[PDB]
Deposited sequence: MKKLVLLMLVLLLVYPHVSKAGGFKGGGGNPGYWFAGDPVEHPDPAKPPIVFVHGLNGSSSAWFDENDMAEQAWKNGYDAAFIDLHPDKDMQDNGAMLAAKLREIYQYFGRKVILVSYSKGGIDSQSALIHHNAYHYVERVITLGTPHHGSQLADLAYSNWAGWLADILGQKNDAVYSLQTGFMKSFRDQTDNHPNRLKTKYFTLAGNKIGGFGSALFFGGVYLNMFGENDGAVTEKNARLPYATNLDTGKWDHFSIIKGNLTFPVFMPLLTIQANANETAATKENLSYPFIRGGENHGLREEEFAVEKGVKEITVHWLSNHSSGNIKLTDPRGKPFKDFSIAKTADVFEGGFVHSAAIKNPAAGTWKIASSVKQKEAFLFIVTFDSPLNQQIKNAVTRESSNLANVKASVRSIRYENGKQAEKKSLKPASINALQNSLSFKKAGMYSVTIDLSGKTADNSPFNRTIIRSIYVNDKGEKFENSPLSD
């Protein structure tokens, strides 16, 4: 779009004081066109007697720059309509919205805020994008910018801390909508969905728990994915009562691990991975900057599998491709993925596991005793300062007892820590998992991790 630009939708013949105008706020890497492309949201607002306005904010800037701009334009929108407006904000737009109201005093112009699939607690996919293994892919996709950076869960934990108890927070009512539908096998939100399934219910880009605010009316999750949640015909009738109702705050009712690798491939790249005994399912993903690579997955017996679907990546990983597969009851042992390319590729290889081993992993990394044997942990980390990489580290494998000591977070900045775990299960089969931690450390040395 054109950051700063806004326009009014068709005028309602008879406006109603009971119906404030709606300002529609797009999300990450978007513009006001999100409300019109294969979408009837403007028509939904108009036909239901609502005046509306649509704004272009920065597709690639943080909630501070977007909050300052939105706050400045909300003054013009308020002057144009002659009254307080409602914000209907999608994805990162819900965060820019809060920043505008709380940190840029836009609450004067706004009656209420409704957020649709907003990662108020951050995006685990943004944590992934900023992690060591994702380095090569994130670079050529150009997915590292101030907006994606501000979506890391560590950064959002700190934003939550600075926002939720700010005096301006109480001056506006909040409503949140979240989806629980992921992308179908072969579609753009399949990878995001199965990745986020390791954390919980999600819409392919944001988890239901991370789409909520503690003092908001958190509406029960709907059957929307991250793309369908903004379709006018689907959600305008759903949030239409939320445009006027006086509601109270409510809470919604209450972890698996992947295996991850990344790098560059100029021809043939093979990555081995252990699949322990008793795995119900594995999802296997090869993310690349191009779609023409030949993917071959070989089982422990050498039997190949080439039944991979191809899909574009979305949101945080917009601009790339993903080859995916789902294997029911995979044979235990060493599997191997192979990518054969004619053109240079940066890749991110991810395996998710549906396995009872998750409980044991959680026990081994926490204080608890586990039935896991010969456990090793190798640490790879990146520390960022003001959106730029400041320091990158790699540490040789060591035992779990040494893992806590090796992890220092004294310096201010955004940290991404990749912990690669290996060892044996109780039935002697090797296993492998990769844990990604997102930590923000402020000027006082206070650590923020979700």
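Can you list the gaps, in order, where the deposited sequence has no modelled residues?
Missing from the model are residues 1-28, 283-286, 483-487.
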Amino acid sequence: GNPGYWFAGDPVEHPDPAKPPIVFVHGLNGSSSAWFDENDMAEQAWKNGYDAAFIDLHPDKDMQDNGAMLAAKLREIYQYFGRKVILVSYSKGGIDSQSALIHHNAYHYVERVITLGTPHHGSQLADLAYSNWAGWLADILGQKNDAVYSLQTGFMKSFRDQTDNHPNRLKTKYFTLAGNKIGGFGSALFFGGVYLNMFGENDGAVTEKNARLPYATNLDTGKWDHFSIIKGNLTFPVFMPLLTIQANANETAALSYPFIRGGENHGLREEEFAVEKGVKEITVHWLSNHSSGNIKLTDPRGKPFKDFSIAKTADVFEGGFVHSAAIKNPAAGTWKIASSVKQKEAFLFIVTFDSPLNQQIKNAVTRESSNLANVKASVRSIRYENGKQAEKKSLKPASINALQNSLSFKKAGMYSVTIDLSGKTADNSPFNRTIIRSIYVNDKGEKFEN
From here on, numbers count along this sequence of modelled residues.
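Stretch with the higher entry mean CA B-factor, where the candidates are 389-397 and 26-34:
Mean C-alpha B-factor is greater for 389-397.
Higher-scoring stretch by recorded Cα B factor average, 132-140 or 206-214
The deposited B-factors put 132-140 ahead on the C-alpha mean.
Using the entry's values, work out which of 57, 53, 407, 421 has the largest Cα B factor.
The C-alpha B-factor peaks, among 57, 53, 407, 421, at 407.
In terms of recorded Cα temperature factor, pick the maximum from 332, 268, 230, 126.
Answer for 332, 268, 230, 126: 332, with the highest C-alpha B-factor.
Sort the modelled residues of this chain by their C-alpha B factor and say whether residue 280 lands in the lowest, middle or highest third.
Its C-alpha B-factor, which the entry lists for residue 280, ranks in the highest third among residues of this chain.
What third of its chain's C-alpha B-factors does residue 413 belong to: lowest, middle or highest?
Highest third, going by the recorded CA B-factors of the chain.
Within this chain's modelled residues, let me know which third the CA B factor of residue 243 belongs to: lowest, middle or highest.
Lowest third, going by the recorded CA B-factors of the chain.
Residue 305 CA temperature factor, ranked by third within the chain
For residue 305, whose C-alpha B-factor we compare with every modelled residue in the chain, the answer is the highest third.
Could you look up the Cα B-factor of residue 225 in the entry and say which third of the chain it sits in: lowest, middle or highest?
It falls in the bottom third of the chain.
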